[PDB]
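Accompanying notes for the structure given below.
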Amino acid sequence: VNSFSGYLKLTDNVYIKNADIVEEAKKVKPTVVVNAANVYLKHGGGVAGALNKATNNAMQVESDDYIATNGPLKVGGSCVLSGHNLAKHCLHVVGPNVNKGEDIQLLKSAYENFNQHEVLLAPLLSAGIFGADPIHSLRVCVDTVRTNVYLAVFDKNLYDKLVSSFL
Ligand SMILES: O=C(O)[C@]1(F)CN(c2ncnc3[nH]c4cc(F)ccc4c23)CC12COC2
């Protein structure tokens with residue numbers, strides 16, 4: 001038993017809710033919250049900008065030190081940093097950004113990072129400002145992640161569509 005509430009069960013291991021991931025993290029304080037990161041960990045907008053804002057920019061400060069030491073992530077890659085006031089840990093995962101011309105096949109590699117964590121609160125990778133089809137992203141999630149994932153979908157209209165079209 002865990003503390004996630006109000007989710008619809010899609011599969012054995014994948015759950016979904018119409019929720020603001022920031023507000024959900026603040027209430028659950030999960031072990032792992034996933035950020036929709038870019039390779040530079042520049043948390044300007046989308047989910048990343050919202051998570052970083054909720055940390056009062058501490059996420060960005062930590063991220064800048066990480067990049068100064070390690071260089072950029074790979075598209076499809078990840079790193080574990082602090083969850084600050086939102087979670088124990090933040091798993092920064094880089095899905096391909098279609099608005100940058102990145103290969104959508106890298107979306108499966110991005111979701112594979114979730115399998116290193118038993119339970120996660122996460123957004124749909126490559127959705128939103130990353131330009132991928134969220135229905136495709138949900139399908140890849142279900143077909144790739146084997147650990148327990150709680151997906152927060154900000155937009156109510158999209159949430160209803162994802163549920164109603166789910167096979
Ligand atoms: O338009 C988009 O880019 C998205 F809708 C944003 N995403 C989110 N997903 C969960 N929680 C969220 N909280 C937020 C708070 C904000 F200020 C901004 C965004 C989100 C968000 C998912 C989305 C990207 O694929 C759909």
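Going by the structure tokens order, chains are called A, B, ..., each with residues numbered from 1, while ligands are numbered from 1 in the order shown.
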
Subject >> helix (DSSP H, G or I) call set, DSSP backbone run, chain A, as a PyMOL selection string >> reply: chain A and resi 21-28+46-54+58-70+98-100+106-116+128-130+134-144+156-164

**OP:** Using only C-alpha atoms and all ligand atoms, find each residue with an atom at most 6 Å away from ligand 1 and format the answer as a PyMOL selection string.
**Re:** chain A and resi 20-22+46-47+50+123-124+127-129+152-155

Original post:
If you count only C-alpha atoms, which residues fall within 10 Å of residue 99 (chain A), apart from same-chain ones fewer than 3 positions away, as number ranges by chain?
Top reply: A: 96, 102, 129-132

Original post:
Of the residues A:58, A:1, A:79, A:14, which is the one nearest to residue 148 (chain A), using only C-alpha atoms?
Top reply: A:14

**OP:** Write out as a count of residues only the residues lying within 9 Å of region 54-56 of chain A, counting only C-alpha atoms and excluding same-chain residues fewer than 4 positions away.
**Re:** 8

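A straight line drawn from CA of residue 61 (chain A) to CA of residue 41 (chain A) is 10.1 Å long.
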
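Considering only C-alpha atoms, the residue among A:80, A:66, A:144, A:35 positioned nearest to residue 52 (chain A) is A:35.
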
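Using only C-alpha atoms, the nearest neighbour of residue 104 (chain A) within the list A:120, A:145, A:87, A:75 is A:75.
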
**OP:** Enumerate as an MDAnalysis selection string all residues of region 2-167 of chain A assigned to strand (DSSP E) by DSSP on the backbone, naming them with the chain letters and numbers the document uses.
**Re:** chainID A and resid 8:9 14:18 32:36 78:82 89:93 119:122 148:153

Output N, CA and C atoms of each residue in that selection to a file, as an mmCIF file, in the first residue's frame.
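Result file is out_38.cif:
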```cif
data_model
loop_
_atom_site.group_PDB
_atom_site.id
_atom_site.type_symbol
_atom_site.label_atom_id
_atom_site.label_comp_id
_atom_site.auth_asym_id
_atom_site.auth_seq_id
_atom_site.Cartn_x
_atom_site.Cartn_y
_atom_site.Cartn_z
ATOM 1 N N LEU A 8 -6.623 6.370 -11.586
ATOM 2 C CA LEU A 8 -7.235 5.310 -12.357
ATOM 3 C C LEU A 8 -6.144 4.309 -12.700
ATOM 4 N N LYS A 9 -6.467 3.031 -12.570
ATOM 5 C CA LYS A 9 -5.505 1.970 -12.837
ATOM 6 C C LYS A 9 -5.583 1.613 -14.324
ATOM 7 N N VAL A 14 0.761 0.662 -13.981
ATOM 8 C CA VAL A 14 0.642 2.048 -14.425
ATOM 9 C C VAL A 14 -0.710 2.608 -13.995
ATOM 10 N N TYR A 15 -0.657 3.785 -13.370
ATOM 11 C CA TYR A 15 -1.800 4.519 -12.847
ATOM 12 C C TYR A 15 -1.765 5.937 -13.405
ATOM 13 N N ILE A 16 -2.932 6.586 -13.518
ATOM 14 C CA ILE A 16 -3.014 7.915 -14.122
ATOM 15 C C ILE A 16 -4.055 8.773 -13.406
ATOM 16 N N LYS A 17 -3.775 10.081 -13.335
ATOM 17 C CA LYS A 17 -4.648 11.043 -12.666
ATOM 18 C C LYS A 17 -4.540 12.400 -13.364
ATOM 19 N N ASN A 18 -5.656 13.136 -13.444
ATOM 20 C CA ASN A 18 -5.635 14.548 -13.845
ATOM 21 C C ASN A 18 -5.186 15.347 -12.633
ATOM 22 N N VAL A 32 10.421 9.345 -5.365
ATOM 23 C CA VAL A 32 10.939 9.825 -6.646
ATOM 24 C C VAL A 32 9.858 10.609 -7.378
ATOM 25 N N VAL A 33 10.171 11.856 -7.737
ATOM 26 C CA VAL A 33 9.421 12.606 -8.743
ATOM 27 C C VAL A 33 10.284 12.709 -9.994
ATOM 28 N N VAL A 34 9.678 12.463 -11.153
ATOM 29 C CA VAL A 34 10.369 12.574 -12.433
ATOM 30 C C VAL A 34 10.196 13.980 -12.985
ATOM 31 N N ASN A 35 11.310 14.564 -13.420
ATOM 32 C CA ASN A 35 11.301 15.813 -14.166
ATOM 33 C C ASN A 35 11.464 15.546 -15.655
ATOM 34 N N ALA A 36 10.704 16.289 -16.456
ATOM 35 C CA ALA A 36 10.836 16.336 -17.909
ATOM 36 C C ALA A 36 11.976 17.286 -18.261
ATOM 37 N N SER A 78 19.326 10.069 -17.992
ATOM 38 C CA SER A 78 18.781 10.577 -16.742
ATOM 39 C C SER A 78 19.890 10.785 -15.725
ATOM 40 N N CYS A 79 19.549 11.526 -14.675
ATOM 41 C CA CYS A 79 20.365 11.576 -13.472
ATOM 42 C C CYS A 79 19.447 11.733 -12.267
ATOM 43 N N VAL A 80 19.917 11.262 -11.119
ATOM 44 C CA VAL A 80 19.213 11.394 -9.847
ATOM 45 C C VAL A 80 19.810 12.562 -9.080
ATOM 46 N N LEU A 81 18.978 13.536 -8.742
ATOM 47 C CA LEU A 81 19.375 14.649 -7.900
ATOM 48 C C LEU A 81 18.384 14.759 -6.744
ATOM 49 N N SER A 82 18.556 15.792 -5.924
ATOM 50 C CA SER A 82 17.653 15.991 -4.801
ATOM 51 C C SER A 82 16.227 16.269 -5.266
ATOM 52 N N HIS A 89 13.924 12.316 -3.927
ATOM 53 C CA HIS A 89 14.789 12.408 -5.086
ATOM 54 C C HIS A 89 13.999 12.930 -6.271
ATOM 55 N N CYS A 90 14.705 13.602 -7.171
ATOM 56 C CA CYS A 90 14.185 13.920 -8.495
ATOM 57 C C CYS A 90 14.989 13.159 -9.535
ATOM 58 N N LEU A 91 14.289 12.343 -10.328
ATOM 59 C CA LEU A 91 14.886 11.681 -11.481
ATOM 60 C C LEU A 91 14.665 12.580 -12.694
ATOM 61 N N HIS A 92 15.735 13.240 -13.145
ATOM 62 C CA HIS A 92 15.681 14.102 -14.324
ATOM 63 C C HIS A 92 15.850 13.207 -15.539
ATOM 64 N N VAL A 93 14.813 13.088 -16.362
ATOM 65 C CA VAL A 93 14.818 12.205 -17.526
ATOM 66 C C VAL A 93 14.647 13.050 -18.776
ATOM 67 N N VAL A 119 8.956 2.804 -7.338
ATOM 68 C CA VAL A 119 7.745 3.621 -7.414
ATOM 69 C C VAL A 119 8.133 5.039 -7.818
ATOM 70 N N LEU A 120 7.365 5.641 -8.734
ATOM 71 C CA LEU A 120 7.646 7.003 -9.188
ATOM 72 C C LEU A 120 6.356 7.765 -9.448
ATOM 73 N N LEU A 121 6.411 9.072 -9.187
ATOM 74 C CA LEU A 121 5.434 10.047 -9.664
ATOM 75 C C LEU A 121 6.026 10.710 -10.897
ATOM 76 N N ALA A 122 5.287 10.719 -12.003
ATOM 77 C CA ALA A 122 5.914 11.187 -13.222
ATOM 78 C C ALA A 122 4.941 11.861 -14.176
ATOM 79 N N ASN A 148 6.306 0.629 -10.608
ATOM 80 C CA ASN A 148 4.998 1.236 -10.353
ATOM 81 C C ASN A 148 5.063 2.733 -10.618
ATOM 82 N N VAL A 149 4.339 3.182 -11.632
ATOM 83 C CA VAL A 149 4.388 4.569 -12.067
ATOM 84 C C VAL A 149 3.008 5.202 -11.946
ATOM 85 N N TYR A 150 2.992 6.373 -11.308
ATOM 86 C CA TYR A 150 1.821 7.210 -11.077
ATOM 87 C C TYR A 150 1.978 8.438 -11.966
ATOM 88 N N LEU A 151 1.191 8.494 -13.038
ATOM 89 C CA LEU A 151 1.286 9.553 -14.035
ATOM 90 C C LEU A 151 0.323 10.683 -13.700
ATOM 91 N N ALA A 152 0.852 11.901 -13.650
ATOM 92 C CA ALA A 152 0.066 13.109 -13.452
ATOM 93 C C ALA A 152 -0.050 13.834 -14.783
ATOM 94 N N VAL A 153 -1.284 14.077 -15.211
ATOM 95 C CA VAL A 153 -1.572 14.771 -16.461
ATOM 96 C C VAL A 153 -2.270 16.076 -16.100
#
```

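Restricting the calculation to only C-alpha atoms, the smallest distance between residue 146 (chain A) and any of A:13, A:3, A:105, A:116 is found for A:13.
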
Subject >> Atomic distance CA of residue 162 (chain A) - CA of residue 26 (chain A), expressed in Å with one decimal >> reply: 24.4 Å

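With CA of residue 77 (chain A) on one side and CA of residue 135 (chain A) on the other, the separation reads 21.4 Å.
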
Original post:
Using only C-alpha atoms, which of A:38, A:112, A:147, A:140 sits nearest residue 166 (chain A)?
Top reply: A:140
